[PDB]
Amino acid sequence: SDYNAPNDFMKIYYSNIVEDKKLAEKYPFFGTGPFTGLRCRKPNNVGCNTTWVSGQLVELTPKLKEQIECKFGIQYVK
Amino acid sequence: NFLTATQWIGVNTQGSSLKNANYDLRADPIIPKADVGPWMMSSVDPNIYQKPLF
Amino acid sequence: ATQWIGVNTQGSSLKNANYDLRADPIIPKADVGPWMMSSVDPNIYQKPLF
Amino acid sequence: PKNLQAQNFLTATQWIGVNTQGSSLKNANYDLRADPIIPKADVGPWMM
Amino acid sequence: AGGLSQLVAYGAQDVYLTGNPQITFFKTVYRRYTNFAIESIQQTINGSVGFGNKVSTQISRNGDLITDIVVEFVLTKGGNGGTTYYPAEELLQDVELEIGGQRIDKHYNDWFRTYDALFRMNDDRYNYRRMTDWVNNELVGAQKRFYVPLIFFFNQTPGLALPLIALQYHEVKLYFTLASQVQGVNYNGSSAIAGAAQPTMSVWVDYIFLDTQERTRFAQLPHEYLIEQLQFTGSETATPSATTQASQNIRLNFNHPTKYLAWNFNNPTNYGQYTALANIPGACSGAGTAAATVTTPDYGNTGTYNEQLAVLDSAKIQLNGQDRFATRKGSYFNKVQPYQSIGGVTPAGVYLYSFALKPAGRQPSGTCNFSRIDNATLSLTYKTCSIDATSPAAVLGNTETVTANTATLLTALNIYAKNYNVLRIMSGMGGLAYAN
Amino acid sequence: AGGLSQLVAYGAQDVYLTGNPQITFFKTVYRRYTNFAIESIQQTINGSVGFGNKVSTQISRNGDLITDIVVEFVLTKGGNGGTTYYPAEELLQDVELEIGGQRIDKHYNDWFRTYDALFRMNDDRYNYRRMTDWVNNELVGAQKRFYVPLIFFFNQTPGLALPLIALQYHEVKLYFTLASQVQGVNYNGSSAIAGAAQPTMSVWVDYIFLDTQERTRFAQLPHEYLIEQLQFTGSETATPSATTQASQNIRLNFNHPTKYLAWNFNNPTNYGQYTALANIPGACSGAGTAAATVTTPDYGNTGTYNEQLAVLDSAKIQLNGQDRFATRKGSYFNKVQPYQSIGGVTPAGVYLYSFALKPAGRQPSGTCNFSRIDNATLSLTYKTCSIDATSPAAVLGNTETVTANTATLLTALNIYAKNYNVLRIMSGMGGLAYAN
Amino acid sequence: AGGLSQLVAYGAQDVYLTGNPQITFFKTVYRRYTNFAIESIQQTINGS
Amino acid sequence: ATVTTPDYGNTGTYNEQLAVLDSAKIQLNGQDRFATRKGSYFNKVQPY
Amino acid sequence: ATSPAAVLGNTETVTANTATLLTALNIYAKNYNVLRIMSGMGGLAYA
Amino acid sequence: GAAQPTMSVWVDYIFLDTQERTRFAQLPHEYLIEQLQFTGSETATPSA
Amino acid sequence: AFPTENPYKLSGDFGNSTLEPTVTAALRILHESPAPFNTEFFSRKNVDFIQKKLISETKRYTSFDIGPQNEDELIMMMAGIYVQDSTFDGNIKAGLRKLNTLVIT
């Protein structure tokens, strides 16, 4: 193993495990009712319209909204 | 008319396994998944969908 | 003062002692976590002899 | 005897074990849950 | 060296124990108390005293507060050693407490025996026995003065003392039922003892007198006291002789918040017998020799600890048609629950299930409110009464599911509930806040 | 006359008692509490229950927090009366508490026997024995259900009950090791009992159910519980039969603010034997008649209060070479420290030195923190084991510095350190604050 | 069922016991104390 | 007649007196799903 | 089992002495799952 | 007459050069390591 | 002559605690979930209104000054009357007006 190398201590952790840091900073609240399990802004179920895909929770950016809406019959009702 | 992709749980996604299950009927309000300290972290997801019936 | 009996200079410093003749480098007591706090001391050599 | 601030005259003894109206409901909460409120418009002979 | 060495040895863990000290164990400051004095006064007993008679006392406003009440009897024993078993407790068949004619409580002789079995502890039980029995192998003709302290809500601690000052319109009265049959005193089994004397009875009340400013406050202020009550009615059970382990669903007719449910099974003809009799020591008259008869107890040793002669195999309680816990074996209720809840030892045949963390305390600690429970049921399963009671090889040498053929005599079922109420006294009159 | 004659007897000495009153004893005030319910629920055991087998059970999340835990055994006795001695807790050889993969502590059968022998008294100790042993001269072949309560930090008082709702990400489980040899059930001394049945075991956990408002706080708020844990490593001793008194210095390896050190000396070939055997009543099998043999105990009477048969002569605890107190005789640690620290009776061979004022409680009251001691030593002096165990004239007719020749078999030294730690629970995960 | 059947069987009569609670039993706080150590020391007896 | 070998073509019968099951209950996470029923409940009523 | 008098005229909770031969316990469940078919290949949705 | 075993535990220590010692002492590290999980069970080895 | 402050069996009966609100205690005995009708009626502002209304009206009908009444008895009465009569069509103000009228009387 290389000696003249950066110390790879938890770097993979900070990028690929943790708590979805960037998503949580923009969306601090959790879904409250039928949409429990999704993360979003504001109490109850208001500052939301987020989605969960094959891996982790992601922000439903317009690019993703179209990529899913054009393929699957999701009406994305707020 | 596709059942897998919904707004609720999303696309191509399973709820995975359940460990440390709530055997009680009470909602057992969810404590957000977080890493508190470098040691003895759990990878068990909470029973998120266990309905707040009470 | 109650240390009129003498100062316990050993403290806890030998519980995980350094048995090398070279001094151990100093490892500061930086943020640890809630479930594995230690209570020894680093037992730094007072005279490195080097 | 007018400064009766240490006295406590209310005694809600007739109100323990009360049901929704004079019926025998076996008050006991058989349903181990929330029991939400039923709206009640005070329209008697014919509800609407 | 010494303690100072311990002190100078300190560290990270210690802050959780001694940082920013709040108490010092060596500077206790005692609180000053309002002045009072205690004296014992004898009350009038209205009615004829005797076996099978009912008498009462209207307790006089001799003092300011009433607390401990002791009923005493003087009895002459009609038998010899081992023929009696709490004769003063059997005699005191029941005590009913009224304030202004309103029933506050009522205790029975069997409850007193159960109370001793469950909540009395720490050598108090021995001294209790000394007050209620002949404990030194006394012979026929011995006379003894007995004391049966009453255990109402205001009897066991001054903090629940019943105001006499604040009850100018309502009298405090006790009714006493004196048993028609007391073993070893006027009956030996079912046979009368010729020449047995009628009891001499006296009821002593300890009064507390308050000083000037305190008794003024008691007349002026309303009072709310936390009340202990007993709920009881008797019933019959079914104990099988063979091939089956019988079940019985007994309806629990109770209407208050409770500390616990307690019960026993007894032979109605022998006061305090909660177990089967068998030809082993302490569980049969004549035990160990050819004269042993397992139909009559060695009365003075009636209370034993071997649950093998107890009739209960398992019990479950249902509340509103729902199981309250999974069925447990009787040993749980005889030994395990009173261990963790009371810390005492319970003799065989007496059982308790608590709803409270500390059912022995004055401080409430968890209750089951049977005013909002409909069909509460105590489900009991009996063990099969197949062991020949006269053969020690079988009596002490069989399985958990069987007991002696003499357990079928334990046909009387007594289920007690220990509940809460509040005694409100205002403007000279008292009454219960909850009357369901 | 009466109580009034005492109230008027007001003097100078009373300004320290009844002046400017602060309390009145006749007004109980009890503090109001959160609604909860208690349920005992059976756990599922993973593994085969049996002699010498290891099994484990993961504690279900059926309630919000855990208080007591009772291990239930069903045994069949393989010997006659008097051949067993607390078999239920000797079978329960090891219990280990694990929260989230981190050990808290573990208890040993010898530790349960020491705790019982040291801290339980009177009615409590006896009801415990009832749950763990056969106490009514029962015979071979009898079946009995046994209940062994566990004594972890959260088992005896609700104040430290373990919050499951605060631990949604960690699993809480218990590991059990059962003894391969249980005296009077599977073995009689070193000889196997043919036909002995395997034990049946069940683990019951006491669940507390809360109201929603308190549940929310428990789940969301971090917690710090101040708890006790046991530390233990066993060792060995040696004592000669004649020429000298043995000395021994054993190095201790303990790490926390410690309430007390308790220890005993035992013969590992038997269970519960902390004293020498002798040809005196209850001190060996057959004691008092020609069949008496001092190599085998009268097992059901193994425990004794006769310190004459105990091996320890004197002891002191030394910290960093500095004596923590001057040398005391073995009878001091057996009779005086438990008298001051507990208030019950400690049987012979069980020794205690407390650092806490009242270690029997849970409110901290003085601790020795061994995490700050470099070398802690328990210095022992043994009695000379020269007295002929078989001659009552010599066993009961000797001095302080000598004991029986059979005392040389008490070769195991078990020092139990009960100490404080902090249980931290944050975001649904648990574990201990300090680990050293 | 279980502990839940008792929690729902909650009535007006319980306000005196659990209403607006002041303490719980399951989250004890121990009082912090002045550090001390106990030592037993030999005294000298003067006389025969 | 024997009782070790069936009349194979008539193996299926309707007489519960020859059934094994007296009663059954289903429990989910330690809680009962329904109160105990006799075996005949599951053979005759649930399919009804 | 050989006596019709004892077989056809007995109590609720007792069965034939030959019932002890029915030692195999067979418990079935029917559940839902989903068959996903995309790009020429099919498979289960839930494992 | 069987003798008791005598134990000796030997540990191989590495002495590193000074620069690497600093890297080890002050930098944080992760190791991907093995561990063994084990519980006992019973067989159902048949006869004939 | 008379004390103006009662050494209650339980002092600081409602108020002066953070463990549970008054409304939650009422909801448990009612066996009802929160709803605007429940949360207003059993609120501190409504209980304070009732306590002050009773003190003022009593002083208006009588010549006597009374203090706030035993809250344990008042809350049981509020819940008791509530169960016996809790009639509204969603008009919370009209329902509270009738329900408060029953409690005051």
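One-based numbering along the chain as shown.
Method reported for this entry: electron microscopy, 3.8 Å.
Even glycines carry a Cβ here, placed using N, Cα and C.
As written in Swiss-Prot, here are the features:
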- F:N279: N-linked glycosylation site (CARBOHYD)
- F:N301: N-linked glycosylation site (CARBOHYD)
- F:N398: N-linked glycosylation site (CARBOHYD)
- F:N405: N-linked glycosylation site (CARBOHYD)
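Annotated features taken from Swiss-Prot, shown on the structure.
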| residue | record | DSSP class |
| --- | --- | --- |
| F:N279 | N-linked glycosylation site | coil |
| F:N301 | N-linked glycosylation site | helix |
| F:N398 | N-linked glycosylation site | coil |
| F:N405 | N-linked glycosylation site | helix |
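Taking the C-alpha positions, the distance from F:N398 (N-linked glycosylation site) to F:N279 (N-linked glycosylation site) comes to 15 Å. Look at the Cβ of each of the glycosylation sites F:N279, F:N301 and count the other Cβ atoms within 10 Å; the largest number goes with F:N279. Of the listed glycosylation sites, namely F:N398, F:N405, the sparsest Cβ surroundings within 10 Å are found at F:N398. Cα-Cα distance from F:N405 (N-linked glycosylation site) to F:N279 (N-linked glycosylation site): 12 Å (rounded to the nearest whole number). It is 13 Å from the Cα atom of F:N301 (N-linked glycosylation site) to that of F:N279 (N-linked glycosylation site). The subset of glycosylation sites F:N279, F:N398, F:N405 lying near chain G, with Cβ atoms under 8 Å apart, is empty.
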